[PDB]
Amino acid sequence: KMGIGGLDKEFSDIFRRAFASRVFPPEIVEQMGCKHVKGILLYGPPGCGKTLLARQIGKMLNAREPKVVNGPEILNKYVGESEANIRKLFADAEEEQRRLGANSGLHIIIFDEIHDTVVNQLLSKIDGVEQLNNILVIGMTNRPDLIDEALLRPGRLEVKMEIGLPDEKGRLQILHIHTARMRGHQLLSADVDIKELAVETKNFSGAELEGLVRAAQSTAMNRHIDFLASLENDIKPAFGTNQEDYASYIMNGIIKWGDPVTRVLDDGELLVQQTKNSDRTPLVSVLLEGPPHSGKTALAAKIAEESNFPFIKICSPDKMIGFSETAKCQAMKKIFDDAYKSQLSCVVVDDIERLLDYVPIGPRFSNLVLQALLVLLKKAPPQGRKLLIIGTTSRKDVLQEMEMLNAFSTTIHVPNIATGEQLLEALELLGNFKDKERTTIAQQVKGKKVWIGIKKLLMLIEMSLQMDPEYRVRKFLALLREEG
Amino acid sequence: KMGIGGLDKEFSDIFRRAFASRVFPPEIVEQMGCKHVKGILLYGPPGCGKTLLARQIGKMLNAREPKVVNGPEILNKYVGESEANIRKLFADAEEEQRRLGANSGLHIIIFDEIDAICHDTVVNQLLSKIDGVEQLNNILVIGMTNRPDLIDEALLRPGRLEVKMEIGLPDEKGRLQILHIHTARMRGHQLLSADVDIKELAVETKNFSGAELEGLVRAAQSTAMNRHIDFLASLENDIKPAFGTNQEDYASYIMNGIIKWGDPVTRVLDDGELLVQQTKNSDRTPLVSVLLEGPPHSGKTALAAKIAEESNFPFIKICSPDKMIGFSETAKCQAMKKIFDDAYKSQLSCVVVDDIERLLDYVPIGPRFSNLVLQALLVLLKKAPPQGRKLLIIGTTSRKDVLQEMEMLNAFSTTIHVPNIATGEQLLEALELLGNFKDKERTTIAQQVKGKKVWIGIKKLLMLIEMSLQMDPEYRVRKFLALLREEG
Ligand SMILES: Nc1ncnc2c1ncn2[C@@H]1O[C@H](COP(=O)(O)OP(=O)(O)OP(=O)(O)O)[C@@H](O)[C@H]1O
Ligand SMILES: Nc1ncnc2c1ncn2[C@@H]1O[C@H](COP(=O)(O)OP(=O)(O)OP(=O)(O)O)[C@@H](O)[C@H]1O
Ligand SMILES: Nc1ncnc2c1ncn2[C@@H]1O[C@H](COP(=O)(O)OP(=O)(O)OP(=O)(O)O)[C@@H](O)[C@H]1O
Ligand SMILES: Nc1ncnc2c1ncn2[C@@H]1O[C@H](COP(=O)(O)OP(=O)(O)OP(=O)(O)O)[C@@H](O)[C@H]1O
């Protein structure tokens with residue numbers, strides 16, 4: 001019953017279905033009158049440690065098959081030849097079967113990361129023309145869709161198993177085996193707690209866990225010449241579902257220069273709570289319109305932080321620079337798929353107008369990306385999962401023409417400072433100019449109208465700070481004069 | 001007379017053309033003075049268990065053929081070889097026959113995955129032996145190929161493979177035959193499941209291939225094995241397919257269901273059902289087209305889907321934007337084409353196109369749309385299924401105007417409007433059916449809305465309800481009202 005962390009119910013059923021029908025001795029099979037299943041295939045997100053499962057299963061099924069491994073290329077060596085080889089590893093099994101056929105020989109052959117002749121070659125050998133039973137094959141692949149349809153049908157590959165990311169209880173199981181092994185030997189860390197580690201991590205693949213423990217071991221080794229596990233949590237992943245990177249996007253934090261910002265956050269909070277509640281629709285779409293510049297992206301990022309979903313991934317142009325419309329679309333699809341994988345998914349789209357490549361002249365924009373996006377907002381996550389979409393548009397007006405705007409469920413304005421009060425409020429929270437300086441600025445704005453973002457303001461501020469301590473204030477007022 | 005589930009009449013024809021000529025003894029052939037046909041080819045959709053049929057024919061035609069099996073690859077070995085090997089395999093039966101030609105030896109060679117077989121010269125080589133200048137009669141070849149089109153024309157042609165067999169998905173009676181044999185074998189031994197009925201399983205399944213059908217049964221004994229350490233079969237029905245047809249799925253598309261908030265929705269559903277009946281009964285016209293036009297958030301896709309459960313057709317599939325992202329006009333065309341082909345393959349079926357305006361790639365500015373997909377759509381829309389075949393197609397749109405200017409609208413036989421709620425009380429009715437709010441607040445809303453005018457789509461409305469819930473109990477309704485007014 002060891003060792004494989006998590007995957008016990010699914011594993012149990014799959015195990016039963018392939019193995020139990022074979023196992024009952026011996027009249028039972030005739031009574032069943034069912035040909036033994038030919039193969040079981042598992043398709044999983046990358047990094048799920050499918051392979052460990054396969055080695056264990058192969059070992060478990062027979063005293064000795066004894067295991068056969070197939071290189072991914074399979075058909076490597078062009079001249080005749082290789083294709084024949086793909087026929088050949090099977091050939092040994094078929095030969096054994098003709099020689100002893102009836103009972104009781106089982107051969108296991110496995111192809112990792114599974115065109116022309118080889119397709120047909122495998123299909124013919126696995127099923128038909130005559131017999132070919134008494135052997136089983138398991139295929140491990142990152143994506144189901146890539147693979148050919150014909151293999152899939154019940155028969156040659158009747159059962160297809162999808163391996164989910166570990167359950168928290170399951171996550172606790174993967175960590176639990178390694179930890180238990182550490183437990184059995186005297187050395188252990190008292191501070192570290194299994195329940196605590198489990199509660200802390202939702203997203204991680206098995207691998208991720210073994211990786212974390214291993215890193216903790218390295219850290220421990222290092223100390224001799226929470227604890228190490230806590231330090232590993234602090235660094236080691238690189239999870240790809242962790243979103244440590246997202247926090248960095250905002251260089252200057254969020255400044256409460258005024259009430260509207262707070263309103264944006266309680267609103268963001270409401271959106272998060274709603275998506276958390278889970279009735280009806282699990283998908284919500286938001287686009288927030290603000291004057292060019294300010295923390296459009298920053299606000300979105302803070303909302304994402306607030307949400308605390310297991311999976312947060314930010315789709316932005318910068319990652320995608322120079323890509324063909326098709327390449328960008330592929331990347332986007334990839335990220336959304338990854339988001340589908342998590343039970344809870346949070347996604348943000350960065351400068352949506354930029355993605356489309358809208359150009360005011362023309363107007364020319366890349367249609368393929370827009371349609372893909374519209375389908376995606378329209379698209380609904382597979383059951384049991386809730387997805388959060390955040391979109392930031394510099395200007396809505398383009399979008400209203402687009403009809404993009406209709407698709408989005410809710411829209412939040414994020415206006416630039418329009419009053420002297422909010423202005424000084426910003427200078428104060430930012431704490432840049434002196435009390436005297438700020439008093440002067442106030443005496444030069446209070447009662448007057450303004451129209452400037454926060455980031456743009458930050459810029460003007462540093463630009464004014466460069467000038468001598470006697471020219472800073474005047475310079476500032478000289479800048480605010482141009483940015484009206 | 002065993003064993004092959006379904007495929008009996010066709011089986012009789014396949015049997016009859018090759019076997020009848022050869023079997024009659026012996027003057028009959030000379031009186032006919034007709035040369036025996038060389039080979040039979042059957043081409044089928046995947047999973048029809050064609051291979052089982054081949055095995056049966058191989059067992060059945062001769063006491064010993066002796067059966068010959070050909071690897072798909074055929075052409076393996078660069079060094080000599082493949083051409084030579086192919087000729088060698090062809091040659092032996094012929095040599096036996098030349099040695100004894102007259103009577104009484106017939107030789108059967110079986111071919112699997114012909115498309116791989118038929119590259120360059122090696123394909124040419126096969127052709128020569130069958131159509132060979134001297135004799136070569138009394139040799140029988142059967143080829144199983146998933147796709148007919150790929151194979152060279154000369155093989156299809158009378159002579160080497162005069163007869164071409166097309167194998168249809170199992171008939172319900174036939175489906176009953178495939179299930180019936182395994183079940184019967186189970187019947188013969190004492191163990192059986194009393195609850196399970198063959199007719200019931202058959203009525204439940206229309207679409208499935210015979211191999212797949214065996215597979216559910218395979219699932220079922222296994223479930224029984226689990227049990228020892230309807231019934232199990234019912235569970236298998238729940239998770240055996242993987243049908244590749246219908247895939248129940250609709251609940252996933254129809255997430256919240258179809259409540260009866262209004263008079264119009266019922267009329268529309270009924271209309272759809274009447275049209276379904278009409279499809280089922282009209283012989284003059286093979287193809288039926290319908291289009292649903294509504295303001296955005298109407299629920300048009302869900303309604304179309306609802307109609308699809310209602311038809312109860314053997315094969316139901318939905319053509320979706322969601323499925324296709326990032327493709328190029330030609331890729332969209334291929335996918336659409338294949339799906340519609342799949343519909344032709346079934347005897348009668350309903351195919352639903354969802355968000356057509358989106359499907360085209362259309363955007364309001366320009367306007368910009370991708371032409372190739374659209375043309376594909378129109379030709380497909382005009383088009384008539386192979387005779388004796390009926391297809392039901394549903395189109396979902398909100399941009400009717402654009403379609404009308406386009407001339408898209410004209411192709412459709414009929415259009416049914418699917419209007420957003422216009423009376424506030426009707427909207428209230430939707431609320432009690434959904435049953436979300438408590439009695440008093442609903443009364444307050446009723447006081448607020450009665451007598452006033454509204455334009456709310458149903459999905460959009462539910463979303464508004466969800467938005468309303470999030471606020472505190474004494475902050476739920478006012479929030480809702482504010483959303484409605486803002487939406488105004
Ligand atoms: N839940 C788990 N059960 C078993 N092994 C796991 C699990 N999570 C991670 N692993 C690790 O993963 C390995 C086997 O699965 P693996 O992650 O290799 O699948 P994979 O998709 O091939 O991985 P990768 O894509 O990172 O190469 C084992 O060595 C084990 O350390
Ligand atoms: N009150 C605040 N609101 C928003 N951002 C703030 C605030 N205080 C400091 N910042 C910092 O300002 C940055 C905002 O940049 P952002 O691009 O989001 O603004 P923008 O006007 O949308 O610019 P762009 O037009 O390039 O999108 C963030 O990195 C954030 O950390
Ligand atoms: N209607 C049916 N009649 C006979 N056999 C069936 C039927 N449905 C399923 N089968 C099973 O399927 C097998 C024959 O169909 P098979 O899957 O070989 O056709 P195929 O399309 O050539 O398969 P593939 O293309 O996947 O290799 C038999 O072993 C039989 O048990
Ligand atoms: N009478 C009705 N007609 C349609 N949908 C209804 C009805 N009553 C309740 N609903 C619910 O509303 C939802 C409508 O979903 P659907 O995706 O069809 O909307 P839609 O027209 O596609 O919206 P959009 O076209 O803007 O994406 C379904 O979950 C359905 O259960």
# chains A, B, ... in the order shown; residues from 1 in each chain; ligands from 1
>>> select_by_dssp(residues="region 149-200 of chain A", states="helix (DSSP H, G or I)", output="number ranges by chain")
A: 149-152, 168-184, 194-200
>>> interface_residues(of="chain B", to="chain A", cutoff="7 Å", atoms="only C-alpha atoms", output="PDB file with C-alpha atoms, in the first residue's frame")
ATOM      1  CA  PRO B  46     -13.251   4.005 -35.579  1.00  0.00           C
ATOM      2  CA  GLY B  47     -14.503   1.595 -32.937  1.00  0.00           C
ATOM      3  CA  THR B  51     -11.312  -6.287 -36.932  1.00  0.00           C
ATOM      4  CA  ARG B  55     -11.416 -12.416 -37.817  1.00  0.00           C
ATOM      5  CA  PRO B  72       0.408  -2.179 -41.392  1.00  0.00           C
ATOM      6  CA  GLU B  73       3.963  -1.006 -41.986  1.00  0.00           C
ATOM      7  CA  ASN B  76       9.763  -1.921 -43.223  1.00  0.00           C
ATOM      8  CA  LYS B  77      13.431  -2.722 -44.073  1.00  0.00           C
ATOM      9  CA  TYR B  78      15.455  -0.340 -46.237  1.00  0.00           C
ATOM     10  CA  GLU B 113      -4.372  -0.119 -41.649  1.00  0.00           C
ATOM     11  CA  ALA B 116      -0.329   3.175 -44.126  1.00  0.00           C
ATOM     12  CA  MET B 186     -23.647 -14.392 -19.312  1.00  0.00           C
ATOM     13  CA  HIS B 189     -23.929 -19.308 -17.017  1.00  0.00           C
ATOM     14  CA  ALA B 211     -16.466  -1.996 -29.474  1.00  0.00           C
ATOM     15  CA  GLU B 212     -17.317   0.752 -27.049  1.00  0.00           C
ATOM     16  CA  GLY B 215     -16.430  -1.846 -23.221  1.00  0.00           C
ATOM     17  CA  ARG B 218     -16.255  -4.867 -19.629  1.00  0.00           C
ATOM     18  CA  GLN B 221     -18.066  -7.262 -14.797  1.00  0.00           C
ATOM     19  CA  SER B 222     -15.148  -5.344 -13.307  1.00  0.00           C
ATOM     20  CA  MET B 225     -15.511  -7.776  -9.138  1.00  0.00           C
ATOM     21  CA  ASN B 226     -15.094  -4.663  -7.011  1.00  0.00           C
ATOM     22  CA  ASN B 256     -28.469  26.935 -14.248  1.00  0.00           C
ATOM     23  CA  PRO B 321     -16.352  29.027 -30.362  1.00  0.00           C
ATOM     24  CA  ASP B 322     -15.089  27.805 -26.988  1.00  0.00           C
ATOM     25  CA  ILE B 325      -9.308  29.344 -30.190  1.00  0.00           C
ATOM     26  CA  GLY B 326      -6.415  30.811 -32.156  1.00  0.00           C
ATOM     27  CA  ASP B 361     -14.608  36.122 -35.936  1.00  0.00           C
ATOM     28  CA  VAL B 363     -16.004  42.494 -34.972  1.00  0.00           C
ATOM     29  CA  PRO B 364     -18.209  45.594 -35.391  1.00  0.00           C
ATOM     30  CA  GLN B 470     -22.893  39.904  -1.369  1.00  0.00           C
TER      31      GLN B 470
END
>>> closest_residue(among="A:483, A:337, A:289, A:437", to="ligand 2", atoms="only C-alpha atoms and all ligand atoms")
A:289
>>> closest_residue(among="B:232, B:304, B:57, B:84", to="residue 317 (chain B)", atoms="only C-alpha atoms")
B:304
>>> atom_distance(atom1="CA of residue 354 (chain B)", atom2="CA of residue 369 (chain B)")
16.8 Å
>>> atom_distance(atom1="CA of residue 66 (chain B)", atom2="CA of residue 54 (chain B)")
13.8 Å
>>> residues_around(residues="residue 189 (chain A)", least_positions_apart="2", cutoff="9 Å", atoms="only C-alpha atoms", output="list in words")
residues 187, 191, 192, 193, 226, 227, 228 and 229 of chain A
>>> write_last_selection(atoms="N, CA, C and O atoms", output="mmCIF file, in the first residue's frame")
data_model
loop_
_atom_site.group_PDB
_atom_site.id
_atom_site.type_symbol
_atom_site.label_atom_id
_atom_site.label_comp_id
_atom_site.auth_asym_id
_atom_site.auth_seq_id
_atom_site.Cartn_x
_atom_site.Cartn_y
_atom_site.Cartn_z
ATOM 1 N N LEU A 187 16.179 11.652 13.699
ATOM 2 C CA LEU A 187 16.235 13.064 13.339
ATOM 3 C C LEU A 187 14.905 13.554 12.768
ATOM 4 O O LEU A 187 14.313 12.926 11.894
ATOM 5 N N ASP A 191 9.679 21.909 15.278
ATOM 6 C CA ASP A 191 8.945 23.121 14.912
ATOM 7 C C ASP A 191 7.998 22.899 13.738
ATOM 8 O O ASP A 191 6.871 23.401 13.729
ATOM 9 N N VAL A 192 8.463 22.141 12.752
ATOM 10 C CA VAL A 192 7.683 21.861 11.553
ATOM 11 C C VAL A 192 6.468 21.006 11.904
ATOM 12 O O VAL A 192 6.561 20.024 12.642
ATOM 13 N N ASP A 193 5.325 21.402 11.358
ATOM 14 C CA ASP A 193 4.091 20.641 11.495
ATOM 15 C C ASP A 193 3.418 20.278 10.182
ATOM 16 O O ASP A 193 3.244 21.116 9.296
ATOM 17 N N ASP A 226 8.711 25.032 11.700
ATOM 18 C CA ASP A 226 9.083 25.938 10.628
ATOM 19 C C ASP A 226 10.496 25.631 10.144
ATOM 20 O O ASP A 226 10.691 24.745 9.313
ATOM 21 N N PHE A 227 11.473 26.370 10.669
ATOM 22 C CA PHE A 227 12.889 26.116 10.398
ATOM 23 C C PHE A 227 13.232 26.107 8.902
ATOM 24 O O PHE A 227 12.878 27.027 8.147
ATOM 25 N N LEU A 228 13.912 25.038 8.495
ATOM 26 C CA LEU A 228 14.344 24.829 7.116
ATOM 27 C C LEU A 228 13.141 24.744 6.186
ATOM 28 O O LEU A 228 13.181 25.268 5.074
ATOM 29 N N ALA A 229 12.084 24.071 6.634
ATOM 30 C CA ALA A 229 10.868 23.944 5.838
ATOM 31 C C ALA A 229 10.262 25.330 5.597
ATOM 32 O O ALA A 229 9.814 25.630 4.489
#
>>> residues_near_ligand(ligand="ligand 1", cutoff="10 Å", atoms="only C-alpha atoms and all ligand atoms", output="PyMOL selection string")
chain A and resi 3-7+43-56+112-113+140-142+163-167+170-175+177-178+204-211+214
>>> atom_distance(atom1="CA of residue 311 (chain B)", atom2="CA of residue 350 (chain B)")
7.9 Å
>>> residues_near_ligand(ligand="ligand 4", cutoff="8 Å", atoms="only C-alpha atoms and all ligand atoms", output="PDB file with C-alpha atoms, in the first residue's frame")
ATOM      1  CA  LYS A 378     -17.587  34.025 -22.473  1.00  0.00           C
ATOM      2  CA  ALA A 407     -18.940  40.891 -22.224  1.00  0.00           C
TER       3      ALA A 407
ATOM      4  CA  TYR B 253     -23.582  24.077 -21.066  1.00  0.00           C
ATOM      5  CA  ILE B 254     -26.985  24.581 -19.447  1.00  0.00           C
ATOM      6  CA  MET B 255     -25.507  25.400 -16.022  1.00  0.00           C
ATOM      7  CA  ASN B 256     -28.469  26.935 -14.248  1.00  0.00           C
ATOM      8  CA  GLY B 257     -31.281  25.315 -16.166  1.00  0.00           C
ATOM      9  CA  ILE B 258     -34.254  26.784 -18.010  1.00  0.00           C
ATOM     10  CA  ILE B 259     -36.798  28.253 -15.617  1.00  0.00           C
ATOM     11  CA  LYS B 260     -40.212  29.343 -16.904  1.00  0.00           C
ATOM     12  CA  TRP B 261     -40.035  33.035 -16.047  1.00  0.00           C
ATOM     13  CA  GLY B 262     -42.325  33.946 -18.913  1.00  0.00           C
ATOM     14  CA  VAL B 265     -39.986  30.964 -23.505  1.00  0.00           C
ATOM     15  CA  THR B 266     -42.616  28.220 -23.410  1.00  0.00           C
ATOM     16  CA  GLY B 294     -31.911  38.218 -29.008  1.00  0.00           C
ATOM     17  CA  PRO B 296     -26.999  40.017 -25.464  1.00  0.00           C
ATOM     18  CA  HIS B 297     -27.305  37.834 -22.342  1.00  0.00           C
ATOM     19  CA  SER B 298     -30.589  36.428 -23.708  1.00  0.00           C
ATOM     20  CA  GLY B 299     -29.976  32.766 -22.881  1.00  0.00           C
ATOM     21  CA  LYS B 300     -30.095  31.803 -26.545  1.00  0.00           C
ATOM     22  CA  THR B 301     -27.384  29.161 -26.288  1.00  0.00           C
ATOM     23  CA  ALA B 302     -29.081  27.496 -23.321  1.00  0.00           C
ATOM     24  CA  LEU B 303     -32.436  27.504 -25.123  1.00  0.00           C
ATOM     25  CA  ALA B 304     -30.918  25.959 -28.253  1.00  0.00           C
ATOM     26  CA  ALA B 305     -29.325  23.300 -26.073  1.00  0.00           C
ATOM     27  CA  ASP B 354     -23.422  28.528 -30.917  1.00  0.00           C
ATOM     28  CA  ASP B 355     -22.766  32.280 -31.136  1.00  0.00           C
ATOM     29  CA  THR B 396     -27.473  31.434 -31.978  1.00  0.00           C
ATOM     30  CA  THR B 397     -26.985  35.153 -32.601  1.00  0.00           C
ATOM     31  CA  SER B 398     -27.553  38.589 -31.175  1.00  0.00           C
ATOM     32  CA  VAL B 418     -35.948  35.490 -27.607  1.00  0.00           C
ATOM     33  CA  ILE B 458     -31.965  36.471 -17.767  1.00  0.00           C
ATOM     34  CA  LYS B 459     -28.298  35.527 -17.204  1.00  0.00           C
ATOM     35  CA  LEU B 462     -29.144  36.332 -12.172  1.00  0.00           C
TER      36      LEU B 462
END
>>> residues_near_ligand(ligand="ligand 2", cutoff="9 Å", atoms="only C-alpha atoms and all ligand atoms", output="count of residues only")
38
>>> closest_atom_pairs(of="chain B", to="ligand 3", cutoff="6 Å", atoms="only C-alpha atoms and all ligand atoms", output="tab-separated table")
residue	atom	partner	partner_atom_place_in_ligand_line	distance
B:4	CA	ligand 3	4 (C)	5.1
B:5	CA	ligand 3	3 (N)	4.5
B:6	CA	ligand 3	1 (N)	5.7
B:46	CA	ligand 3	21 (O)	3.5
B:47	CA	ligand 3	21 (O)	3.7
B:48	CA	ligand 3	19 (O)	4.5
B:49	CA	ligand 3	15 (O)	1.4
B:50	CA	ligand 3	19 (O)	4.2
B:51	CA	ligand 3	18 (O)	4.1
B:52	CA	ligand 3	14 (C)	4.4
B:170	CA	ligand 3	1 (N)	5.8
B:178	CA	ligand 3	1 (N)	5.6
B:209	CA	ligand 3	8 (N)	5.2
B:210	CA	ligand 3	8 (N)	2.0
B:211	CA	ligand 3	9 (C)	1.7
B:212	CA	ligand 3	9 (C)	5.2
B:213	CA	ligand 3	8 (N)	5.6
B:214	CA	ligand 3	9 (C)	5.3
>>> select_by_dssp(residues="region 68-159 of chain B", states="strand (DSSP E)", output="list in words")
residues 68, 69, 70, 107, 108, 109, 110, 111, 112, 139, 140, 141, 142, 143, 144 and 145 of chain B
>>> write_last_selection(atoms="C-alpha atoms", output="short mmCIF file (atom, residue, chain, number, x, y, z; two decimals), in the first residue's frame")
data_model
loop_
_atom_site.label_atom_id
_atom_site.label_comp_id
_atom_site.auth_asym_id
_atom_site.auth_seq_id
_atom_site.Cartn_x
_atom_site.Cartn_y
_atom_site.Cartn_z
CA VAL B 68 -2.42 -14.56 -43.36
CA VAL B 69 -1.83 -11.37 -41.37
CA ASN B 70 -0.08 -8.27 -42.64
CA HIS B 107 -6.18 -18.19 -50.20
CA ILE B 108 -7.07 -15.39 -47.79
CA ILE B 109 -4.65 -12.63 -46.83
CA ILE B 110 -5.85 -9.96 -44.42
CA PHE B 111 -4.79 -6.33 -44.46
CA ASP B 112 -5.09 -3.87 -41.57
CA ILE B 139 -6.54 -15.31 -53.73
CA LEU B 140 -8.74 -13.29 -51.37
CA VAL B 141 -7.68 -10.03 -49.73
CA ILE B 142 -9.51 -8.03 -47.06
CA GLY B 143 -8.38 -4.52 -46.10
CA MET B 144 -9.43 -2.44 -43.12
CA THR B 145 -8.86 1.32 -43.50
#
>>> residues_around(residues="residue 62 (chain A)", least_positions_apart="4", cutoff="10 Å", atoms="only C-alpha atoms", output="ChimeraX atom specification")
/A:57-58,66-67,105-108
>>> closest_residue(among="A:335, A:180, A:355, A:473", to="residue 436 (chain A)", atoms="only C-alpha atoms")
A:473
>>> residues_around(residues="residue 199 (chain A)", least_positions_apart="4", cutoff="9 Å", atoms="only C-alpha atoms", output="list in words")
residues 168, 172, 194 and 195 of chain A
